[PDB]
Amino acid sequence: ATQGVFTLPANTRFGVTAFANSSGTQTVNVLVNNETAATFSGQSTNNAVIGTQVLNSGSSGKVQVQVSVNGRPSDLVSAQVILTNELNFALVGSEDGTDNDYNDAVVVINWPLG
């Protein structure tokens, strides 16, 4: 199944933050409106916050996360969770190798802000 694609409420600010846990340098692309809106990158085996940004979900609300390691696309896993019918998290894990920890880049999207 497609992973890493989330429908947010339209025209709504959201936070996006990326963590790294791999020997490989991670590159995280965040697409809004099917166009790159943010790119994060780094290399850590200790959960470094390689990037964090506030974005707007735009007219469609479609947000997509993609991860690559030296130009090679990582496999993704994702889900969305809603607490008290108000607080949203869209979660992505990615795997760049064979150990299937899916933590090589971890991405968290949260909304609402403010």
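For every residue, the number given is its place in the sequence shown, counted from 1.
Comparing 15 to 23 with 93 to 101, the higher mean C-alpha B-factor in the PDB entry belongs to 93 to 101. As the entry records it, the average C-alpha temperature factor is higher for 58 to 66, out of 73 to 81 and 58 to 66. Highest C-alpha temperature factor among 88, 43, 47, 34 per the entry: 34.
Per-chain ranking of the deposited C-alpha B factor places residue 110 in the lowest third.
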